[PDB]
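First to last, the protein sequences are chains A and B. 1 is the number of the first residue of the first sequence in the deposited numbering; add one for each residue after it. 1 is the number of the first residue of the second sequence in the deposited numbering; add one for each residue after it. For every residue, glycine included, the Cβ atom is placed at its ideal position computed from N, Cα and C.
Protein chains: 2
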Amino acid sequence: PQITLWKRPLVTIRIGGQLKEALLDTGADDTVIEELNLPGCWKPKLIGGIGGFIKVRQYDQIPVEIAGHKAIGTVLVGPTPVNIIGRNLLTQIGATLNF
Amino acid sequence: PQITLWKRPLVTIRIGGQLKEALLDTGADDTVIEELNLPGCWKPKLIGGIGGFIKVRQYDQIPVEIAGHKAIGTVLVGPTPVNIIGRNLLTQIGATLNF
Ligand SMILES: CCCC[C@H](CC(O)(O)[C@H](CCCC)NC(=O)[C@@H](NC(=O)[C@@H](NC(C)=O)[C@@H](C)O)[C@@H](C)CC)C(=O)N[C@@H](CCC(N)=O)C(=O)N[C@@H](CCCNC(=N)N)C(N)=O
Numbered sequence: 001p002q003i004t005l006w007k008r009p010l011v012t013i014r015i016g017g018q019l020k021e022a023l024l025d026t027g028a029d030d031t032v033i034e035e036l037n038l039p040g041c042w043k044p045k046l047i048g049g050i051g052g053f054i055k056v057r058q059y060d061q062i063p064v065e066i067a068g069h070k071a072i073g074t075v076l077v078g079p080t081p082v083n084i085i086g087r088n089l090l091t092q093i094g095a096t097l098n099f
Numbered sequence: 001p002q003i004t005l006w007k008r009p010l011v012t013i014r015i016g017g018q019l020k021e022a023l024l025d026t027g028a029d030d031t032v033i034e035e036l037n038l039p040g041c042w043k044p045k046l047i048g049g050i051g052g053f054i055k056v057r058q059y060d061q062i063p064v065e066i067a068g069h070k071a072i073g074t075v076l077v078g079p080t081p082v083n084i085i086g087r088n089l090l091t092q093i094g095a096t097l098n099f
């Protein structure tokens, strides 16, 4: 599929059993999901951008399906206004920018 | 071009006669550039990111050449960690996401 950028590129994802909306973000190195009480071991991390840094929980080897395309990798969980799909998973689904 | 996402999608831009490097950022509504002088009048604004809010200067109707493609639109100037080309200009150059 092709997604234009007139509006925020929000798509449906599946993670930890749940369907969520998330932003496809070519400016994000990593994937950041809103507070979600996932089981499993995790480790502490800090991530930054506009406004500074936040504390997140890093979970590895989490299946994330993005618009029906399966991916699996690292997911950072913390307090975000929007779920963000970053390059670590965008590459797995073969996403490119085109102009 | 077609740009893959194994590395950050950084490109050269020209703005106010100067060359700069910037990140193609589908997660950004707006284009935000590090502190600099631009010609003309600006208005104060606040924007948010992953870590919270910052103050920026809003300049309207600024010509920006992005990897050789022309855009004319709003540029926010302030303490962003990375120069970012957001959807307001990405749409002008015809950029889409594809997978
Ligand atoms: C939580 C908000 C959605 C996330 C994006 C993130 C991002 O613009 O892609 C930035 C771009 C690079 C840093 C500036 N990426 C990031 O913040 C990511 N950072 C990174 O990838 C790296 N960090 C650094 C510092 O480079 C890495 C080393 O960790 C983090 C998500 C962590 C993985 C973001 O901050 N968007 C802002 C950009 C500023 C702007 N004005 O466009 C935005 O759209 N803000 C809107 C809010 C959106 C509401 N709009 C809406 N349509 N619903 C606004 N007006 O303030």
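- In this structure, DSSP gives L90/A a helical state, which the three-state scheme calls helix.
- DSSP places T31/A outside both helix and strand once states are collapsed to three, so it counts as coil.
- The C-beta distance from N88/A to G73/A rounds to 5 Å, short enough to fall under 8 Å.
- Within the region 7–36 of chain A, the residues whose Cβ lies closer than 9 Å to any Cβ of chain B are, in chain order, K7, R8, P9, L23, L24, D25, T26, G27, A28, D29, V32.
- Residues of chain B with a Cβ closer than 9 Å to the Cβ of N98/A are, in chain order, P1, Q2, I3, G94, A95, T96, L97, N98.
- Contact between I33/A and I15/A holds, since their C-beta atoms are separated by about 6 Å, short of 8 Å.
- As the crow flies, the alpha-carbon of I47/B is around 32 Å from that of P63/A.
- At a Cβ-Cβ threshold of 8 Å, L23/B and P9/B count as neighbours.
- When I13/A, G27/A, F99/A are compared, the shortest CA-CA separation from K70/B is found for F99/A.
- Counting along the chain, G52/B sits inside the beta strand (DSSP E) bounded by residues 52–66.
- If the five residues before and after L19/B are omitted, its C-beta is found closer than 8 Å to the C-beta atoms of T12, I13, all from its own chain and listed in chain order.
- At a cut-off of 8 Å between beta-carbon atoms, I50/A makes contact with chain B.
- Out of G49/B, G51/B, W6/B, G27/B, the CA that lies nearest to the CA of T96/B is found in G27/B.
- Assignment of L23/A by DSSP, reduced to helix, strand and coil, places it in the strand class.
- Residue environment for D30/A: buried (at least 16 other C-beta atoms within 10 angstroms of its C-beta).
- Nearest to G51/A by alpha-carbon distance, out of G86/A, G94/A, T80/A, is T80/A.
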